[PDB]
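>>> Fold the stuff below for me.
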Amino acid sequence: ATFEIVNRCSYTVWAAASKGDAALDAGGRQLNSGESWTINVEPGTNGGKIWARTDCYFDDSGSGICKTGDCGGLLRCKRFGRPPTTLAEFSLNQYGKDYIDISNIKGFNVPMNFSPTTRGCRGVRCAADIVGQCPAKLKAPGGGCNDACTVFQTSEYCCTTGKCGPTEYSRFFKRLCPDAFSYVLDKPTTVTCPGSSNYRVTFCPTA
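Residues are numbered from 1 along each chain as shown. Structure as follows:
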């Protein structure tokens, strides 16, 4: 499947793409304002994620640091990124269906739209100003709004027993972005698409 990754933000982002144990395509690239990066993702990819990283400095061998979403200091991500990161998540060709979602379970850094470019399902968006509205206790100094699990490390926020409810903090993410996962056991906002669909991820889809 092909994913077009579009930076509509007025600022530079460093896109990342990974399934957690391996890069997807090149795994990462600088995107200036307006740039598009087309990647190929092998069919049957399970647990793939796309995200943006902000305020990165890399040297000549693709080694450095980003203020949000850093994946162990690499330009080309092999691992998932450090919170806070708005996530586009996907599992492809799972019994003839593709499954896509946006998640705030690892916080929010950049607004995002995740839409098919082929027929037969709708897209999902989280475009509210979560950073501006972020509760003071979740505000990340680097920029971004952390999830409560990352900040507080309790069984309830992290749902480590497999039983957990919504919280004051999850409800904040949910009120601004009803179409994104706000906590681990949130009622799924997954969208089912035809197997082998194609997609666009757009950062800052509004402004």
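>>> count of residues packed around the nearest residue in space to residue 74 that is not next to it in sequence?
Spatial nearest neighbour of residue 74, excluding adjacent residues (CB to CB, 6 or more residues apart in numbering): residue 62 at 6.1 Å. Heads up, the C-betas are built off the backbone N, CA and C, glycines and all. If you count neighbours by other CB atoms under 10 Å, residue 62 ends up with 13.
>>> Kindly report the same for residue 132.
7.
>>> Tell me the spacing between it and residue 70.
Going from residue 132 to residue 70 by CB to CB, to the nearest Å gives 23 Å.
>>> Next: residue 30.
For residue 30, the distance to residue 70 equals 14 Å [CB to CB].
>>> Neighbour count: the two, which is higher?
Neighbours were counted for residue 30 and for residue 70 using other CB under 10 Å; residue 70 has more, 22 against 15.
>>> wait, the more buried one sits on residue 82?
Yes. Under the criterion of CB atoms under 8 Å, residue 70 makes contact with residue 82 at 4.8 Å.
>>> now the helices for the protein?
Along the chain, the stretches classed as helices by DSSP state H are 130-133, 148-152, 155-158, 168-176.
>>> quick one: the last one to chain centroid distance?
Here helix 168-176 shows a centroid-to-chain-centroid distance of 17 Å under the convention CA atoms, centre = their mean, to the nearest Å.
>>> what pairs with the residue nearest the centre of the chain across the strands?
Centroid-nearest residue in the chain, with CA atoms, centre = their mean: residue 87, separated by 1.2 Å. Here residue 87 sits in beta bridges with residue 103, going by DSSP bridges.
>>> How about the contacts made by it?
The contact partners of residue 87, by CB atoms under 8 Å, 6 or more residues apart in numbering, come to 49, 50, 51, 102, 103, 104, 105, 106.
>>> longest single strand anywhere in the protein?
Selection of the longest strand in the chain by residue count, based on DSSP state E, yields strand 48-58.
>>> Can you verify my assumption that residue 139 contacts residue 145?
Yes. Residue 139 lies in contact with residue 145 (CB under 8 Å); the separation is 6.5 Å.
>>> neighbour-wise, which of the two wins?
Remark: of residue 139 and residue 145, residue 145 carries more neighbours, 26 against 15, as counted by other CB under 10 Å.
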